[PDB]
Each structure stands twice: as structure tokens, then as C-alpha cells.
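What follows is the residue order along each chain.
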Amino acid sequence: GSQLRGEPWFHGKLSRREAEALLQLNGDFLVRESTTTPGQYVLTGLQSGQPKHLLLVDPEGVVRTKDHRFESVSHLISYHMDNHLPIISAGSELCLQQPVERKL
């Protein structure tokens, strides 16, 4: 509640396929919690007309990337979003540009 589970862009346990049906323009992102068999979190976004599906794990109780460790998912989002650095994973890069906000 008093944290990640409040964030306008965080859709709780959203299924993989649904999440892809919520992206309209490249740079579209939204976070949800592991669905095949629940555990951690995923970053789903569109780039080039095809979603990418990034994982988010607490390096030390935080949440990390291919070169950085944050405090949480919320911290990860602003670093890339605000600052505008594309998450690069395996030569591929996903630009967080517009959160696909929960409908309310």
C-alpha cells in the first residue's frame, strides 16, 4: 500500500498478454508482478512495435539493472524516466517515456 503498490503505473498482478494490449505508442510502460507463477516484478514496454519484458530484482533489498542498484521499483522508474536514460539490456534499449496509468 504505502509504497510501490500505489503508483499510477503499477497495475498489480497484470497478465503478460493483457499488458501488451495496453501499449499503443513506443515508450509505453507499465509494471506488474510476476504472473506465470508470482514472485518479483516486470517492466513491460513497447519499442519498435514489439514489447520487451524486463525483470526487477532487489540487489540488496532494492531493485537493480545491468549496471545499477536502486532502493525500489519507484526509484528505478524516475532515474530512467526523469533523467531520460534508456534501459539497455542485451544491446536492446527500452525508453521509459509515458506511463500507461491505471484507469481511475
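Residues numbered from 1 in each chain as written, not as in the entry; some residues may be left out. Heavy atoms only, no water. Residues with missing side-chain atoms left out of burial classes, pairs and counts.

Per the PDB record, this model was obtained through X-ray crystallography at a reported resolution of 2.7 Å.

## As for helix α2 (residues 73-81)
Inspection of α2 places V73, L76, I77 and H80 among the buried residues, and these make up the whole buried set. Buried residues along α2 cover an arc of 100° about the axis, so they all sit on one side. Elements that come into contact with the buried residues of α2 comprise β1 (28-33), β2 (41-46), β3 (51-56), β4 (63-64), β5 (69-70) and β6 (87-89). (Buried < 20%, exposed > 50% of the residue type's maximum accessible area, 1.4 Å probe, protein only. Helix = DSSP H or I, 4+ residues; strand = E, 2+ residues; numbered from the N terminus. Arc of directions from axis to C-beta. Contact = heavy atoms within 4.5 Å.)

## Description of the pairing of β3
Where burial is concerned, the two faces of β3 differ: the one with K52, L54 and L56 is buried and the one with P51, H53 and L55 is not. Strand direction decides the pairing type here: β2 and β3, joined by 6 bridges, are antiparallel. For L46, the partnering residue across the bridge sits in β3 and is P51. Two successive antiparallel strands, β2 and β3, enclose a turn made up of 4 residues, where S48 displays a positive phi of approximately 75°. (Pairing = 2+ DSSP bridges.)

## Let's talk about the environment of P86
Checked against the element boundaries, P86 lands in the loop between α2 and β6. When residues no more than four places from it in sequence are discounted, the contact partners of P86 are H80, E93, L94 and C95.

## A closer look at the packing of aromatic side chains
One pass over the full model with this rule turns up 2 aromatic pairs. Centre to centre, the rings of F10 and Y41 are 6.1 Å apart; their planes meet at 80°, and the pair counts as edge-to-face. In this pair, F10 is assigned in the segment before α1 (16-20) and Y41 in strand β2, connecting sequence segments 31 residues apart. Here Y41 falls in the partly exposed class, since its relative accessible area comes to 25%. (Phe/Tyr/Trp six-rings, centres within 6.5 Å; stacked < 30°, edge-to-face > 60°.)

## Let's talk about unusual backbone geometry
Backbone geometry at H84 places phi at a positive 75°, although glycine is not the residue there. Examined against the element boundaries, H84 turns out to sit in the loop between α2 and β6. Within the chain, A90 stands out as a residue other than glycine whose phi angle is a positive 60°. Looking at the secondary structure, you find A90 in the loop between β6 and β7 (92-94).

## Observations regarding the sheet that holds strand β8 (residues 98-99)
Overall, mixed pairing links the 4 strands, which are arranged β3-β2-β1-β8 in an open sheet. If you trace the sheet from one side to the other, it starts and ends with β3 and β8, each paired once. α2 rests against β1, β2, β3 and β8 of the sheet, and its axis sits at about 170° to β1. (Axes fitted to C-alpha atoms, helices over the stretch in contact; angles between N-to-C directions.)

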